[PDB]
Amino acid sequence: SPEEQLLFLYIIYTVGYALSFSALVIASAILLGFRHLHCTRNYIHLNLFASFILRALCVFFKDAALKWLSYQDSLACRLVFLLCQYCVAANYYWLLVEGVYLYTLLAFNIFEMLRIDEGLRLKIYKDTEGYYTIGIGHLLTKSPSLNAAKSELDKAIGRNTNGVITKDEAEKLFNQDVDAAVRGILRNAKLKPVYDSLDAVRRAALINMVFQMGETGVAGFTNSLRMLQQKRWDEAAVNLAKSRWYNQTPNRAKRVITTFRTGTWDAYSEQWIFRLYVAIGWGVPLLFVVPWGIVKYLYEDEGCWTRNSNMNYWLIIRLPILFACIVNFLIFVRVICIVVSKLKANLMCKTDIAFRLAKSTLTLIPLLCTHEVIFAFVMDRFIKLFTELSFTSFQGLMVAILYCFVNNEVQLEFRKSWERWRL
């Protein structure tokens, strides 16, 4: 029947945005509601959900405003359709920073953590305690003798030091110290059980302390290392603040303790980086959606700009979205090479936030950007093509499921709050 076919496609489209809107408002309420979920990774998801919530709001408003000059001729419709096209562009750019963040998350490690904290030295320096340090936090001997410190370093590097040591020589000795730091942990009976229970991100936080203090020094935190193994982060966080290490070096401790508490690199992140993501997700769409709106209102103004068949005014909204998808598939290919490299080299497990985030972000890129690339320069079997409306409606639900409902961290917050109710 012609009426039943046109009516059935309306149901699967409206229940699509109904299930999406609901799940996205629930998912956003979960990320804001639970205190331990307030991290950069989840704030980026909230801005992505916001673009799918406002897209659904345009869909529900268009449907509601049909209830009584026709709606196609009204200026209010054109504003709703402009707001709709702004949300579509925002979906593809909040998906872009979603891929950008993932890539930067795979690149940051212990070698970049310690390079920020320990810094870099070109010449041998007599440190405040009495030790001679050089490169990236490489101590030699406490003996007050520069002549013996240079002869000690010469045996460690190979060639004659003289004093000045290049960038490549410091990085070579820095890899040795980190390898000497992990062997110390695994050789220690009080550090190996907590290290093997910690995730790759909080493992680096434990290595960072051994790199500054030593295997026998951090082993003294018998009260703190026990509650880290028992997965009690915040109880250990306030415990490490009441230590000799926190009053000695507070700025370094604040960054290491946050990594044990949160399990992310946010204490090594810059606040202007997130300002550059909000300028990409909401700002860049605003640069090509308003000129498209201006030229469609001043020239191709006909039924909420439905008759989109005239000139290049169609490319000034499809090429910037195509560009966002081309770069998303480039990031897609590169991240897959990084993840498979880090998994085979045993530098990553399938239980880390970087691999879990890769299982969701690398799913959505060819799920939201594949259509735009296949039908790149095509404007306009009809029953089989109308099935596109179901994937455009339930894609809001899919973003909510992959970035919240399947997340292992939110499942911990529900299981923890559930136990708090009983006890």
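The numbering used is simple: start at 1 and walk along the sequence shown.
- Per the record, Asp380 and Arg381 are separated by 4 to 9 deposited residues that have no coordinates.
- Unmodelled residues of the deposited sequence between neighbouring positions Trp68 and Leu69 number 4 to 9.
- Of the two segments examined, 202-210 and 239-247, it is 239-247 that shows the higher average Cα temperature factor in the deposited entry.
- Between 382-390 and 36-44, the higher mean Cα B-factor belongs to 382-390.
- Taking the deposited Cα B-factors for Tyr131, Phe111, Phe81, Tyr195, the highest one is held by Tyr131.
- Remark: of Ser341, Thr351, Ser143, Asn328, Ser143 shows the highest value [criterion: C-alpha B-factor in the PDB entry].
- When the CA B factors of the chain's modelled residues are split into thirds, the value for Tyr86 lands in the lowest one.
- When the modelled residues of the chain are ordered by their C-alpha B factor, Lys190 lands in the middle third.
- When the modelled residues of the chain are ordered by their C-alpha B factor, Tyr299 lands in the middle third.
- Ranked by Cα temperature factor within the chain, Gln271 sits in the lowest third according to the deposited record.
- Compared with the other modelled residues of the chain, the Cα B-factor recorded for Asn312 ranks in the highest third.
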